[PDB]
Amino acid sequence: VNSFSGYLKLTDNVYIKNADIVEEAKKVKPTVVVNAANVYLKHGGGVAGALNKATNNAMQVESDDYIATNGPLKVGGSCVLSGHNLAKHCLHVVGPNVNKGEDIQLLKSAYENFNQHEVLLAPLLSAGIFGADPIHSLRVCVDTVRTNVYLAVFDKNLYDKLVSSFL
Ligand SMILES: C=C(CCO)c1ncnc2[nH]c(C)cc12
């Protein structure tokens with residue numbers, strides 16, 4: 001039993017809700033919140049900009065030190081950093097950005113990072129400003145993630161389409 005509330009169950013291990021991931025993280029304080037990161041951990045917009053804003057820019061400060069030490073992530077890769085006031089940990093995961101020409105096949109590799117964590121609060125990878133089809137992202141999530149994932153979908157209209165079209 002966990003503290004996630006109001007989710008629709010899609011499969012044995014995948015759950016979904018129309019919610020603002022920032023507000024959901026602040027309420028649940030999950031062990032792991034997933035950020036829709038880029039390789040530079042520049043949290044300017046989309047989910048990343050919103051999560052970083054909610055940390056009063058502390059996520060960005062920590063991220064800049066991480067990059068200065070380690071260099072950029074790989075597309076499809078991840079790193080674990082602090083969750084600040086939102087979660088114990090933040091798993092920064094880089095899905096391919098279609099608006100940069102990156103290979104959508106890397107979306108499966110991106111979701112594989114979730115399997116290193118027993119339970120996660122997450123957005124749909126590569127959705128939103130990353131330019132992928134969210135219906136496809138949900139399919140890859142369900143077919144790749146084996147651990148317990150609670151998906152927050154900000155847009156109510158998109159949430160309803162994802163549920164109604166889910167096979
Ligand atoms: C990709 C999106 C935008 C939906 O079109 C998203 N997904 C999950 N949580 C979110 N929180 C905010 C503030 C945007 C957001």
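Excluded from the calculations below are hydrogen atoms, water molecules and symmetry mates; all remaining heavy atoms, backbone and side chain alike, are included. Whatever order the structure lists them in is the order used to number ligands and atoms, beginning at 1. We're numbering straight along the sequence, starting at 1.
Using a non-hydrogen distance threshold of 4.0 Å, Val47 registers as a contact of ligand 1. Residue contact check for ligand 1: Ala152 places a non-hydrogen atom closer than 4.0 Å to it.
Close contacts between ligand 1 and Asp20 involve ligand atoms 11 (N), 13 (C) [criterion: under 4.0 Å to a heavy atom]. Which parts of ligand 1 touch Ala50 is read off a 4.0 Å heavy-atom cut-off, strictly below it: atoms 13 (C).
At the shortest separation from atom 4 (C) of ligand 1 among protein heavy atoms lies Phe154 CB, 3.9 Å. When only non-hydrogen protein atoms are considered, atom 9 (N) of ligand 1 lies nearest to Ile21 CG2, 3.2 Å. Regarding atom 5 (O) of ligand 1, its nearest protein heavy-atom neighbour is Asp155 CB, 3.9 Å.
No hydrogens or angles considered: a donor-acceptor pair under 3.5 Å links the side chains of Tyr150 and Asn2.
With a 4.5 Å cut-off on side-chain heavy atoms, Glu24 and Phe4 count as touching. Using a 4.5 Å heavy-atom threshold, the side chains of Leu125 and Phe114 count as touching.
At most 12 non-hydrogen atoms from other residues, nucleotides or ligands lie less than 6.0 angstrom from NZ of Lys88. By the 6.0 Å contact criterion, NZ on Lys42 is open, its count of non-hydrogen atoms from other residues, nucleotides or ligands being 12 or less.
Residues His89 and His117 place their aromatic rings such that the two centres sit no closer than 6.0 Å.
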